[PDB]
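One structure is given here, and the rest of the page talks about it.
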Amino acid sequence: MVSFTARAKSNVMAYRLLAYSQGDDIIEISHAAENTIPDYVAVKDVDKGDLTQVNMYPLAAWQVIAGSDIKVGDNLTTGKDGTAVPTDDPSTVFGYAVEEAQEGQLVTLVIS
Amino acid sequence: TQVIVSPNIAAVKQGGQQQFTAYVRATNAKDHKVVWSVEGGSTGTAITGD
Amino acid sequence: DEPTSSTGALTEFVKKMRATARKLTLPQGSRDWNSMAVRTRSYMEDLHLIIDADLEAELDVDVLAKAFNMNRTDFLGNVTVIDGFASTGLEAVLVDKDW
Amino acid sequence: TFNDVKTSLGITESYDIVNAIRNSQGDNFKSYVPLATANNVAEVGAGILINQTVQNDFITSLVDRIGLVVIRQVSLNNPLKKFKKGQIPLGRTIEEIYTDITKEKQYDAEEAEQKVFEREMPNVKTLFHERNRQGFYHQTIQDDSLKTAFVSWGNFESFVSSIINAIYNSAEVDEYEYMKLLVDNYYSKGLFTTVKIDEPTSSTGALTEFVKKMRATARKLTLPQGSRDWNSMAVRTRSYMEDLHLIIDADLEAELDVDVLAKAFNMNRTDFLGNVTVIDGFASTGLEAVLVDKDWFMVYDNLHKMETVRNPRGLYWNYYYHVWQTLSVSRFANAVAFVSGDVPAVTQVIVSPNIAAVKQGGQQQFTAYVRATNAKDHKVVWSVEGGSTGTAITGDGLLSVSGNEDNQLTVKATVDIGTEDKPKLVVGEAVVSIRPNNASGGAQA
Amino acid sequence: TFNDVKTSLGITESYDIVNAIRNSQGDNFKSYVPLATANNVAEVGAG
Amino acid sequence: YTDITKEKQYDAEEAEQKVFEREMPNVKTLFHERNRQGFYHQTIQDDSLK
């Protein structure tokens with residue numbers, strides 16, 4: 001994979017959808033805003049001032065926290081706190097569920 | 001009566017993953033839906049639905 | 001539901017014991033009937049029915065399948081007669097000797 | 001390491017047993033009152049999953065140690081290991097040969113003046129089996145990492161062998177489900193001789209009819225005269241009563257032994273319904289039970305090797321146990337299904353000789369064997385499909401080859417069932433290889 | 001001496017078991033899903 | 001207790017690159033402590049019993 005250094009700027013939690021921004025000579029990361037398309041997924045807790053890395057790779061699927069109950073095949077978007085939630089507005093869809101998840105459980109997703 | 005969880009004891013690396021299997025003791029012949037959940041005092045670390 | 005409730009309910013309770021004592025002895029084993037959920041397996045000489053005496057003689061008289069096989073060990077387990085369990089609704093425990 | 005784990009890990013109590021012994025005022029727990037250490041057995045008598053460490057009572061600084069280590073030796077046999085045949089080291093294909101019976105021919109010393117050298121060909125039907133299963137089992141044992149769980153070489157080497165046994169157990173689990181598939185295979189092919197019943201669990205009496213249709217069938221299979229009625233090749237064969245096996249569900253066999261009172265005191269008989277081999281249910285939707293022969297399973301072994309590897313970097317082994325097997329069934333050797341619910345009226349049309357070398361201008365009598373579930377007569381449309389040279393068959397199955405055919409033709413015996421709106425053309429099929437003759441002719445009379 | 005011949009000759013397949021295990025999602029063929037060489041046994045395991 | 005494993009198909013082509021794959025066995029455990037410690041006693045005052 002291709003790794004690079006990035007700094008959290010707002011208490012990154014594991015399995016949350018992440019977004020990024022241009023900071024002080026470094027890419028800064030945080031939980032993705034509600035109702036959008038995320039760029040990266042957390043797989044480690046990284047606090048507000050903590051420095052970490054990002055492992056680049058065209059992953060087939062992500063495992064993220066379900067922000068609500070999810071049915072197999074549901075199109076997903078970002079929700080509160082960077083969780084993944086069911087939707088129907090194409091422009092905010094970043095992937096879809098291949099398995100059932102209850103709120104708070106991990107849900108595997110396939111990118112689109 | 002009893003929900004039984006596969007690999008009740010696990011040692012998992014920080015980049016990895018472990019499969020967990022639910023086993024339901026249903027008296028009636030009904031396929032009851034199992035909700036997976038993870039609790040732990042640090043952050044991240046979620047389970048998929050299956 | 002309750003064996004003492006009717007004589008037709010005693011026949012159902014014996015059909016649940018003969019069904020269960022066979023699945024516990026299947027040579028290919030079974031995940032079920034077990035708390036650690038491993039594919040384990042009993043013998044028929046290793047099964048043991050721990051039942052109350054009041055329920056036990058009630059079965060030996062009415063269910064004539066049992067009345068012939070009262071002097072055998074292969075219909076059910078080695079029938080261990082006790083004075084009875086203390087929990088509400090518990091009637092019989094079909095169980096292994098390795099239990 | 002772990003912490004914070006109580007004895008209640010995964011346990012959803014129905015009632016707390018320790019309040020009940022405490023609050024027992026003439027109740028049914030009152031015999032647990034005189035027990036001295038009752039409150040200790042209730043805490044960790046169900047087993048402990050995680051192994052908390054326990055200080056000693058007298059000297060707190062000492063730690064109470066693990067005493068006996070029990071390694072469970074639970075084995076998982078195949079229920080059908082008694083039906084498996086020998087070993088085949090070399091080759092791949094097995095060939096069955098069954099030579100059928102012939103006719104009677106009245107002694108007549110005047111017809112014997114010319115019918116010396118009469119050429120009656122024997123009625124041999126053959127059947128081929130090949131290797132099917134080819135798979136391996138896989139355990140890694142880290143030897144040096146497991147030396148820390150074991151303080152003695154008795155308990156260490158006993159545990160190593162209990163991982164080899166789990167490989168041996170995993171073979172006879174999958175060999176079961178492979179041999180269980182062959183029943184599900186053969187009925188899906190429509191090669192069982194089905195026996196229609198009502199759903200046995202629907203009522204008593206419907207159970208009692210089902211034990212009639214099994215006890216009647218079992219004596220019909222073990223008739224010494226034999227019959228052409230109970231195998232999917234329709235040769236005349238018998239079975240034995242000790243070699244007849246009733247493969248049945250556990251729930252269904254439970255119903256018969258309690259409700260049908262005749263079968264109750266005939267358990268521990270090997271001859272009332274043959275040897276009842278209780279398994280779990282069949283994957284086929286209707287198949288309730290099956291009588292079957294010992295010679296039904298043509299199950300043979302080809303390869304039992306446990307080849308091993310050692311990783312030096314990982315300090316472990318790999319144990320690779322290969323099981324290669326012929327897993328097929330004999331279309332000889334009487335086999336009867338018992339199928340509830342909706343069945344076709346006719347399940348199979350067995351065409352005798354299913355293989356024929358017939359001369360140009362020659363003839364061959366074919367015979368259909370309509371296996372119907374009901375008691376009804378059914379019309380066999382004989383046909384010749386294939387070929388290019390105007391060969392035709394009669395309405396009773398006498399083939400007549402057209403003298404210059406030179407093309408392989410197959411001979412079908414169609415029994416239409418259902419109605420004319422959905423004609424369910426159950427077709428049996430033979431084949432014919434056309435041999436040249438170099439004969440003259442072209443027209444007759 | 002034969003040319004093209006099938007393994008299904010007089011076989012009236014009331015259902016196809018290969019498609020039954022393939023299309024299985026817990027409908028009683030769930031015991032054949034972890035079965036490795038299932039297709040090749042059910043192919044020529046009728047003799 | 002050592003449980004059972006799964007069957008893998010004989011594929012000689014796939015066998016080129018993964019002879020050194022490792023299967024952790026499905027081994028599980030239980031632990032049984034000493035639950036009961038009791039005595040009970042009777043006197044035998046045997047000179048007066050004579």
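Please note that chains go A, B, ... in the order of the structure tokens, that every chain numbers its residues from 1, and that ligands are numbered from 1 in the order shown.
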
What lies within 10 Å of residue 43 of chain E using only C-alpha atoms, ignoring chain neighbours under 4 positions off, as an NGL selection string? (:D and (132 or 185 or 328)) or (:E and (7-8 or 17-18 or 38-39 or 47))

Near residue 6 of chain F, counting only C-alpha atoms, which residues have an atom at most 8 Å away, once you skip same-chain residues fewer than 3 positions from it, shown as a PyMOL selection string? (chain D and resi 137+170) or (chain E and resi 34)

Pull out every residue of chain F that has at least one atom within 10 Å of chain D, counting only C-alpha atoms, and report them as a ChimeraX atom specification. /F:1-11,19-39

How would the residues just picked look written out with C-alpha atoms as a CSV table (one decimal), in the first residue's frame?
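File again_37.csv, as written:
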chain,number,residue,atom,x,y,z
F,1,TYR,CA,-11.6,-29.7,23.7
F,2,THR,CA,-10.4,-29.7,20.1
F,3,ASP,CA,-13.2,-29.2,17.6
F,4,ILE,CA,-13.2,-30.2,13.9
F,5,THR,CA,-12.1,-28.3,10.7
F,6,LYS,CA,-13.1,-27.7,7.1
F,7,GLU,CA,-12.3,-29.5,3.9
F,8,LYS,CA,-10.3,-27.9,1.2
F,9,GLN,CA,-10.4,-29.1,-2.4
F,10,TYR,CA,-7.3,-30.7,-3.9
F,11,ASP,CA,-6.0,-28.0,-6.3
F,19,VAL,CA,2.0,-24.8,1.5
F,20,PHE,CA,2.9,-22.7,4.5
F,21,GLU,CA,-0.5,-21.3,5.3
F,22,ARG,CA,-1.4,-22.0,8.9
F,23,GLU,CA,-4.7,-23.1,10.4
F,24,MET,CA,-5.2,-22.4,14.0
F,25,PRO,CA,-7.2,-25.3,15.5
F,26,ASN,CA,-10.6,-24.6,17.0
F,27,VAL,CA,-9.6,-25.5,20.5
F,28,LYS,CA,-11.7,-24.4,23.5
F,29,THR,CA,-11.3,-24.8,27.3
F,30,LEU,CA,-13.0,-25.0,30.6
F,31,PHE,CA,-11.8,-24.6,34.2
F,32,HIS,CA,-13.0,-26.5,37.2
F,33,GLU,CA,-12.0,-25.3,40.7
F,34,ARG,CA,-12.5,-27.1,44.0
F,35,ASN,CA,-16.0,-26.2,45.1
F,36,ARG,CA,-16.5,-28.2,48.3
F,37,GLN,CA,-14.7,-28.3,51.6
F,38,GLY,CA,-16.5,-30.0,54.5
F,39,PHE,CA,-16.2,-32.3,57.4

Would you mind listing what lies within 7 Å of segment 51-65 of chain A as JSON, numbers by chain, with only C-alpha atoms counted and same-chain residues fewer than 4 positions away left out? {"A": [1, 2, 3, 4, 5, 6, 7, 8, 15, 16, 83, 84, 104, 105, 106, 107, 108, 109, 110, 111], "B": [46, 48]}

Mind checking which residues fall within 12 Å of residue 67 of chain C, counting only C-alpha atoms, ignoring those fewer than 2 positions away in the same chain, and posting them as a ChimeraX atom specification? /C:14,56-65,69-72,75 /D:258,261,264-265

Could you take the residues named above and write them with C-alpha atoms, as an mmCIF file, in the first residue's frame?
data_model
loop_
_atom_site.group_PDB
_atom_site.id
_atom_site.type_symbol
_atom_site.label_atom_id
_atom_site.label_comp_id
_atom_site.auth_asym_id
_atom_site.auth_seq_id
_atom_site.Cartn_x
_atom_site.Cartn_y
_atom_site.Cartn_z
ATOM 1 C CA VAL C 14 -41.801 -39.408 25.348
ATOM 2 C CA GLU C 56 -41.186 -41.688 35.809
ATOM 3 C CA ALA C 57 -43.789 -44.273 36.780
ATOM 4 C CA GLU C 58 -46.396 -42.165 35.011
ATOM 5 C CA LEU C 59 -44.490 -42.845 31.789
ATOM 6 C CA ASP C 60 -43.924 -46.552 32.427
ATOM 7 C CA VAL C 61 -47.623 -47.287 32.754
ATOM 8 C CA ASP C 62 -49.189 -45.134 30.063
ATOM 9 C CA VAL C 63 -46.685 -44.978 27.199
ATOM 10 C CA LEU C 64 -46.570 -48.650 26.224
ATOM 11 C CA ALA C 65 -43.492 -47.996 24.110
ATOM 12 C CA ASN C 69 -38.464 -51.131 27.163
ATOM 13 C CA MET C 70 -38.627 -50.526 30.914
ATOM 14 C CA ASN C 71 -35.925 -53.157 31.420
ATOM 15 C CA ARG C 72 -33.573 -51.825 28.725
ATOM 16 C CA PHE C 75 -34.679 -46.663 24.532
ATOM 17 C CA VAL D 258 -43.749 -44.452 20.461
ATOM 18 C CA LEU D 261 -47.035 -49.813 19.048
ATOM 19 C CA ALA D 264 -42.015 -50.288 19.817
ATOM 20 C CA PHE D 265 -41.236 -53.755 21.118
#

May I ask you to extract the residues of chain D within 7 Å of chain E, using only C-alpha atoms, and to give them as a ChimeraX atom specification? /D:127-129,132-134,182,185-186,188-190,283,327-331,348,426-429,433

Please, could you write that set of residues out with N, CA, C and O atoms as an mmCIF file, in the first residue's frame?
data_model
loop_
_atom_site.group_PDB
_atom_site.id
_atom_site.type_symbol
_atom_site.label_atom_id
_atom_site.label_comp_id
_atom_site.auth_asym_id
_atom_site.auth_seq_id
_atom_site.Cartn_x
_atom_site.Cartn_y
_atom_site.Cartn_z
ATOM 1 N N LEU D 127 -21.782 -51.292 -15.119
ATOM 2 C CA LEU D 127 -21.979 -50.014 -14.472
ATOM 3 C C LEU D 127 -20.653 -49.523 -13.936
ATOM 4 O O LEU D 127 -19.937 -50.267 -13.266
ATOM 5 N N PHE D 128 -20.346 -48.259 -14.205
ATOM 6 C CA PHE D 128 -19.018 -47.710 -14.011
ATOM 7 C C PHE D 128 -19.023 -46.624 -12.956
ATOM 8 O O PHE D 128 -19.957 -45.829 -12.862
ATOM 9 N N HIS D 129 -17.953 -46.598 -12.170
ATOM 10 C CA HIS D 129 -17.767 -45.630 -11.106
ATOM 11 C C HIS D 129 -16.369 -45.057 -11.208
ATOM 12 O O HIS D 129 -15.428 -45.768 -11.552
ATOM 13 N N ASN D 132 -14.298 -39.455 -7.208
ATOM 14 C CA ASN D 132 -15.067 -38.234 -7.157
ATOM 15 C C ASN D 132 -14.524 -37.224 -6.170
ATOM 16 O O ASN D 132 -14.264 -36.085 -6.540
ATOM 17 N N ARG D 133 -14.360 -37.620 -4.922
ATOM 18 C CA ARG D 133 -13.899 -36.736 -3.869
ATOM 19 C C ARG D 133 -12.391 -36.668 -3.912
ATOM 20 O O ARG D 133 -11.720 -37.685 -4.082
ATOM 21 N N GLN D 134 -11.861 -35.466 -3.744
ATOM 22 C CA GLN D 134 -10.416 -35.301 -3.733
ATOM 23 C C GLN D 134 -10.149 -34.030 -2.921
ATOM 24 O O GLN D 134 -10.239 -32.925 -3.450
ATOM 25 N N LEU D 182 -25.368 -38.486 -1.729
ATOM 26 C CA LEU D 182 -25.644 -39.447 -2.785
ATOM 27 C C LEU D 182 -27.086 -39.929 -2.732
ATOM 28 O O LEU D 182 -27.665 -40.267 -3.766
ATOM 29 N N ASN D 185 -28.644 -37.051 -4.177
ATOM 30 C CA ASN D 185 -28.354 -37.050 -5.601
ATOM 31 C C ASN D 185 -29.307 -37.973 -6.335
ATOM 32 O O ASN D 185 -29.979 -37.565 -7.285
ATOM 33 N N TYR D 186 -29.411 -39.214 -5.857
ATOM 34 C CA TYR D 186 -30.054 -40.288 -6.595
ATOM 35 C C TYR D 186 -31.552 -40.068 -6.661
ATOM 36 O O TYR D 186 -32.203 -40.438 -7.642
ATOM 37 N N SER D 188 -32.856 -36.967 -6.615
ATOM 38 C CA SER D 188 -32.993 -35.835 -7.513
ATOM 39 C C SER D 188 -32.845 -36.254 -8.959
ATOM 40 O O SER D 188 -33.469 -35.661 -9.836
ATOM 41 N N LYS D 189 -32.048 -37.280 -9.225
ATOM 42 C CA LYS D 189 -31.974 -37.835 -10.564
ATOM 43 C C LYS D 189 -33.242 -38.568 -10.945
ATOM 44 O O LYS D 189 -33.462 -38.820 -12.130
ATOM 45 N N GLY D 190 -34.063 -38.930 -9.967
ATOM 46 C CA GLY D 190 -35.194 -39.784 -10.218
ATOM 47 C C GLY D 190 -34.823 -41.226 -10.404
ATOM 48 O O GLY D 190 -35.347 -41.873 -11.310
ATOM 49 N N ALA D 283 -31.879 -33.320 2.578
ATOM 50 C CA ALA D 283 -32.017 -32.005 1.976
ATOM 51 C C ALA D 283 -33.109 -31.973 0.924
ATOM 52 O O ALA D 283 -33.634 -30.897 0.621
ATOM 53 N N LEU D 327 -17.057 -42.054 -4.510
ATOM 54 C CA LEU D 327 -18.315 -41.895 -3.792
ATOM 55 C C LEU D 327 -19.452 -41.948 -4.792
ATOM 56 O O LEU D 327 -19.941 -40.910 -5.238
ATOM 57 N N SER D 328 -19.886 -43.149 -5.124
ATOM 58 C CA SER D 328 -21.025 -43.307 -6.010
ATOM 59 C C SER D 328 -21.835 -44.484 -5.508
ATOM 60 O O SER D 328 -21.427 -45.197 -4.592
ATOM 61 N N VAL D 329 -22.991 -44.682 -6.129
ATOM 62 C CA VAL D 329 -23.945 -45.696 -5.714
ATOM 63 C C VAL D 329 -24.190 -46.661 -6.859
ATOM 64 O O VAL D 329 -23.998 -46.340 -8.029
ATOM 65 N N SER D 330 -24.643 -47.855 -6.503
ATOM 66 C CA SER D 330 -24.934 -48.890 -7.476
ATOM 67 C C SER D 330 -26.379 -48.770 -7.935
ATOM 68 O O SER D 330 -27.297 -48.682 -7.122
ATOM 69 N N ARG D 331 -26.577 -48.760 -9.255
ATOM 70 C CA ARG D 331 -27.920 -48.752 -9.812
ATOM 71 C C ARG D 331 -28.523 -50.133 -9.862
ATOM 72 O O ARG D 331 -29.700 -50.275 -10.192
ATOM 73 N N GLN D 348 -39.779 -43.023 -13.426
ATOM 74 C CA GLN D 348 -38.639 -43.531 -14.169
ATOM 75 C C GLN D 348 -39.118 -44.544 -15.189
ATOM 76 O O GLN D 348 -40.041 -45.309 -14.916
ATOM 77 N N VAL D 426 -42.021 -38.250 -19.355
ATOM 78 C CA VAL D 426 -40.982 -39.036 -18.694
ATOM 79 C C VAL D 426 -40.406 -40.014 -19.704
ATOM 80 O O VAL D 426 -41.117 -40.890 -20.202
ATOM 81 N N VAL D 427 -39.122 -39.866 -20.010
ATOM 82 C CA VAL D 427 -38.487 -40.584 -21.105
ATOM 83 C C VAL D 427 -37.351 -41.424 -20.551
ATOM 84 O O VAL D 427 -36.472 -40.906 -19.857
ATOM 85 N N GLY D 428 -37.371 -42.713 -20.851
ATOM 86 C CA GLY D 428 -36.224 -43.569 -20.657
ATOM 87 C C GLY D 428 -35.512 -43.713 -21.983
ATOM 88 O O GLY D 428 -36.088 -43.472 -23.030
ATOM 89 N N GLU D 429 -34.244 -44.097 -21.937
ATOM 90 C CA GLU D 429 -33.476 -44.054 -23.165
ATOM 91 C C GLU D 429 -32.406 -45.131 -23.193
ATOM 92 O O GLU D 429 -31.607 -45.252 -22.267
ATOM 93 N N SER D 433 -25.464 -48.932 -31.192
ATOM 94 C CA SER D 433 -24.395 -48.778 -32.166
ATOM 95 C C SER D 433 -24.661 -49.664 -33.365
ATOM 96 O O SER D 433 -24.842 -50.874 -33.229
#

Where in chain B does DSSP assign strand (DSSP E), given as a PyMOL selection string? chain B and resi 2-5+22-25

Saved selection, atoms kept: N, CA, C and O atoms, as a PDB file, in the first residue's frame:
ATOM      1  N   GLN B   2     -30.531 -19.133  25.287  1.00  0.00           N
ATOM      2  CA  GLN B   2     -29.107 -18.890  25.346  1.00  0.00           C
ATOM      3  C   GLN B   2     -28.615 -18.480  23.971  1.00  0.00           C
ATOM      4  O   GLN B   2     -28.927 -19.142  22.982  1.00  0.00           O
ATOM      5  N   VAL B   3     -27.854 -17.397  23.910  1.00  0.00           N
ATOM      6  CA  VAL B   3     -27.119 -17.028  22.707  1.00  0.00           C
ATOM      7  C   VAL B   3     -25.655 -17.326  22.959  1.00  0.00           C
ATOM      8  O   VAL B   3     -25.101 -16.905  23.978  1.00  0.00           O
ATOM      9  N   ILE B   4     -25.034 -18.071  22.058  1.00  0.00           N
ATOM     10  CA  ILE B   4     -23.684 -18.572  22.259  1.00  0.00           C
ATOM     11  C   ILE B   4     -22.783 -17.962  21.203  1.00  0.00           C
ATOM     12  O   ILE B   4     -22.986 -18.169  20.004  1.00  0.00           O
ATOM     13  N   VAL B   5     -21.713 -17.317  21.640  1.00  0.00           N
ATOM     14  CA  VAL B   5     -20.838 -16.623  20.715  1.00  0.00           C
ATOM     15  C   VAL B   5     -19.467 -17.155  20.316  1.00  0.00           C
ATOM     16  O   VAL B   5     -18.554 -17.194  21.109  1.00  0.00           O
ATOM     17  N   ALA B  22     -22.527 -16.409  16.054  1.00  0.00           N
ATOM     18  CA  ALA B  22     -23.641 -16.525  16.971  1.00  0.00           C
ATOM     19  C   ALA B  22     -24.277 -17.891  16.814  1.00  0.00           C
ATOM     20  O   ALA B  22     -24.365 -18.422  15.704  1.00  0.00           O
ATOM     21  N   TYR B  23     -24.692 -18.456  17.925  1.00  0.00           N
ATOM     22  CA  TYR B  23     -25.354 -19.747  18.001  1.00  0.00           C
ATOM     23  C   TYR B  23     -26.535 -19.563  18.940  1.00  0.00           C
ATOM     24  O   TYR B  23     -26.355 -19.275  20.123  1.00  0.00           O
ATOM     25  N   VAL B  24     -27.731 -19.733  18.418  1.00  0.00           N
ATOM     26  CA  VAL B  24     -28.927 -19.381  19.165  1.00  0.00           C
ATOM     27  C   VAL B  24     -29.595 -20.651  19.665  1.00  0.00           C
ATOM     28  O   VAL B  24     -29.758 -21.615  18.910  1.00  0.00           O
ATOM     29  N   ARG B  25     -29.982 -20.662  20.936  1.00  0.00           N
ATOM     30  CA  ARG B  25     -30.776 -21.750  21.489  1.00  0.00           C
ATOM     31  C   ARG B  25     -32.221 -21.285  21.516  1.00  0.00           C
ATOM     32  O   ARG B  25     -32.711 -20.778  22.522  1.00  0.00           O
TER      33      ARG B  25
END

Atom pair atom CA of residue 204 of chain D / atom CA of residue 259 of chain D: separation (Å): 7.1 Å

Write out as an MDAnalysis selection string which residues come within 8 Å of segment 20-34 of chain C when counting only C-alpha atoms, dropping same-chain ones fewer than 5 positions away. (chainID C and resid 39:44 47 76:77 94) or (chainID D and resid 76:79 172:173 176 250 278:280)

For those residues, write C-alpha atoms to a file as a PDB file, in the first residue's frame.
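The resulting part_1.pdb:
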ATOM      1  CA  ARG C  39     -19.736 -30.841  17.570  1.00  0.00           C
ATOM      2  CA  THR C  40     -19.835 -33.396  20.361  1.00  0.00           C
ATOM      3  CA  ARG C  41     -21.454 -36.769  20.605  1.00  0.00           C
ATOM      4  CA  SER C  42     -22.690 -39.236  23.148  1.00  0.00           C
ATOM      5  CA  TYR C  43     -23.042 -42.965  23.221  1.00  0.00           C
ATOM      6  CA  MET C  44     -26.244 -44.636  24.288  1.00  0.00           C
ATOM      7  CA  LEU C  47     -26.728 -41.084  28.185  1.00  0.00           C
ATOM      8  CA  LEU C  76     -33.525 -43.741  26.664  1.00  0.00           C
ATOM      9  CA  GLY C  77     -30.539 -43.292  28.899  1.00  0.00           C
ATOM     10  CA  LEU C  94     -31.161 -35.966  29.537  1.00  0.00           C
TER      11      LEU C  94
ATOM     12  CA  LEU D  76     -16.822 -38.600  15.525  1.00  0.00           C
ATOM     13  CA  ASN D  77     -17.444 -41.768  13.575  1.00  0.00           C
ATOM     14  CA  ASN D  78     -19.178 -41.978  10.285  1.00  0.00           C
ATOM     15  CA  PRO D  79     -22.583 -43.619  10.737  1.00  0.00           C
ATOM     16  CA  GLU D 172     -15.706 -38.852   8.909  1.00  0.00           C
ATOM     17  CA  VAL D 173     -17.887 -35.762   9.237  1.00  0.00           C
ATOM     18  CA  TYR D 176     -20.986 -38.635   6.083  1.00  0.00           C
ATOM     19  CA  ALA D 250     -34.280 -38.784  14.004  1.00  0.00           C
ATOM     20  CA  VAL D 278     -30.827 -42.868  12.179  1.00  0.00           C
ATOM     21  CA  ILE D 279     -29.391 -39.759  10.618  1.00  0.00           C
ATOM     22  CA  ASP D 280     -30.750 -36.246  10.472  1.00  0.00           C
TER      23      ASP D 280
END

For residue 275 of chain D: contacts at 12 Å, only C-alpha atoms, fewer than 6 positions along chain excluded, given as an NGL selection string: :D and (79-80 or 82 or 218 or 240-248 or 266-269 or 290-294)

Check the DSSP output for the backbone and give back, as number ranges by chain, the residues of chain E in alpha helix (DSSP H). E: 17-22, 38-44

Select, as a ChimeraX atom specification, those residues of chain B with any atom no more than 8 Å from chain A (distances computed using only C-alpha atoms). /B:14-15,35-38,42-50

Resulting file, chosen residues, N, CA and C atoms, as a compact mmCIF listing (two decimals), in the first residue's frame:
# COMPACT_ATOMS: atom_id res chain seq x y z
N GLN B 14 -3.91 -5.26 15.85
CA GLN B 14 -4.54 -3.95 15.71
C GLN B 14 -4.87 -3.62 14.27
N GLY B 15 -4.30 -4.34 13.32
CA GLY B 15 -4.70 -4.17 11.94
C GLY B 15 -5.65 -5.23 11.43
N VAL B 35 -28.21 -9.34 16.56
CA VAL B 35 -27.59 -8.03 16.43
C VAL B 35 -26.20 -8.11 17.03
N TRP B 36 -25.19 -7.79 16.24
CA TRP B 36 -23.84 -7.74 16.76
C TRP B 36 -23.53 -6.37 17.31
N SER B 37 -22.77 -6.35 18.39
CA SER B 37 -22.38 -5.12 19.04
C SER B 37 -21.01 -5.31 19.64
N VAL B 38 -20.28 -4.22 19.78
CA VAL B 38 -18.95 -4.24 20.37
C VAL B 38 -18.88 -3.13 21.40
N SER B 42 -11.95 2.10 24.59
CA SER B 42 -11.26 2.96 23.64
C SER B 42 -12.18 3.18 22.46
N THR B 43 -11.65 3.84 21.44
CA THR B 43 -12.50 4.32 20.37
C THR B 43 -12.26 3.53 19.09
N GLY B 44 -13.26 3.55 18.21
CA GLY B 44 -13.22 2.79 16.98
C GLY B 44 -13.76 1.39 17.16
N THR B 45 -13.17 0.48 16.37
CA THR B 45 -13.24 -0.97 16.57
C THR B 45 -14.67 -1.49 16.52
N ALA B 46 -15.27 -1.49 15.34
CA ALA B 46 -16.66 -1.87 15.19
C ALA B 46 -16.77 -3.24 14.52
N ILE B 47 -17.97 -3.81 14.59
CA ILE B 47 -18.29 -5.12 14.00
C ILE B 47 -19.22 -4.88 12.82
N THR B 48 -19.10 -5.69 11.78
CA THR B 48 -20.10 -5.70 10.73
C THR B 48 -21.39 -6.36 11.22
N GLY B 49 -22.39 -6.38 10.36
CA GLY B 49 -23.63 -7.02 10.72
C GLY B 49 -23.52 -8.52 10.83
N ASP B 50 -22.72 -9.14 9.98
CA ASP B 50 -22.59 -10.59 9.99
C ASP B 50 -21.32 -11.00 10.74

Neighbouring residues of residue 299 of chain D were defined as those with any atom within 6 Å, considering only C-alpha atoms; residues of the same chain fewer than 2 positions away were excluded. Please report them as a PDB file with N, CA and C atoms, in the first residue's frame.
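What ended up in part-v3.pdb:
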ATOM      1  N   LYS D  84     -18.816 -48.611   3.659  1.00  0.00           N
ATOM      2  CA  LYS D  84     -17.681 -48.314   2.809  1.00  0.00           C
ATOM      3  C   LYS D  84     -16.973 -49.607   2.448  1.00  0.00           C
ATOM      4  N   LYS D  85     -16.582 -49.722   1.186  1.00  0.00           N
ATOM      5  CA  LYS D  85     -15.911 -50.915   0.692  1.00  0.00           C
ATOM      6  C   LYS D  85     -14.407 -50.774   0.862  1.00  0.00           C
ATOM      7  N   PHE D 297     -24.036 -48.641  -1.553  1.00  0.00           N
ATOM      8  CA  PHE D 297     -22.903 -47.731  -1.520  1.00  0.00           C
ATOM      9  C   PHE D 297     -21.673 -48.358  -2.143  1.00  0.00           C
ATOM     10  N   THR D 326     -13.767 -42.778  -4.162  1.00  0.00           N
ATOM     11  CA  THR D 326     -14.905 -43.033  -5.033  1.00  0.00           C
ATOM     12  C   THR D 326     -16.153 -42.964  -4.176  1.00  0.00           C
ATOM     13  N   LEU D 327     -17.057 -42.054  -4.510  1.00  0.00           N
ATOM     14  CA  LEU D 327     -18.315 -41.895  -3.792  1.00  0.00           C
ATOM     15  C   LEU D 327     -19.452 -41.948  -4.792  1.00  0.00           C
TER      16      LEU D 327
END

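Residues of chain B having any atom within 10 Å of chain F, counting only C-alpha atoms, are residues 6, 7, 8 and 9 of chain B.
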
Serialized selection, C-alpha atoms, as an mmCIF file, in the first residue's frame:
data_model
loop_
_atom_site.group_PDB
_atom_site.id
_atom_site.type_symbol
_atom_site.label_atom_id
_atom_site.label_comp_id
_atom_site.auth_asym_id
_atom_site.auth_seq_id
_atom_site.Cartn_x
_atom_site.Cartn_y
_atom_site.Cartn_z
ATOM 1 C CA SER B 6 -18.094 -18.198 18.593
ATOM 2 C CA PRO B 7 -14.506 -17.555 19.691
ATOM 3 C CA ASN B 8 -15.595 -16.279 23.046
ATOM 4 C CA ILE B 9 -11.929 -15.631 23.627
#

For a test of reading the model, state the distance in Å between atom CA of residue 304 of chain D and atom CA of residue 86 of chain D, rounded to one decimal. 12.5 Å

Quick check: residues of chain C within 8 Å of chain B, only C-alpha atoms, returned as a PyMOL selection string. chain C and resi 35-37

So that each row is one residue of chain D with an atom at most 8 Å from chain B, can you give its shortest atom pair and the distance in Å to one decimal, using only C-alpha atoms, rows by chain and rising number, as CSV?
residue,atom,partner,partner_atom,distance
D:10,CA,B:4,CA,7.2
D:11,CA,B:2,CA,7.6
D:12,CA,B:2,CA,7.0
D:50,CA,B:9,CA,7.8
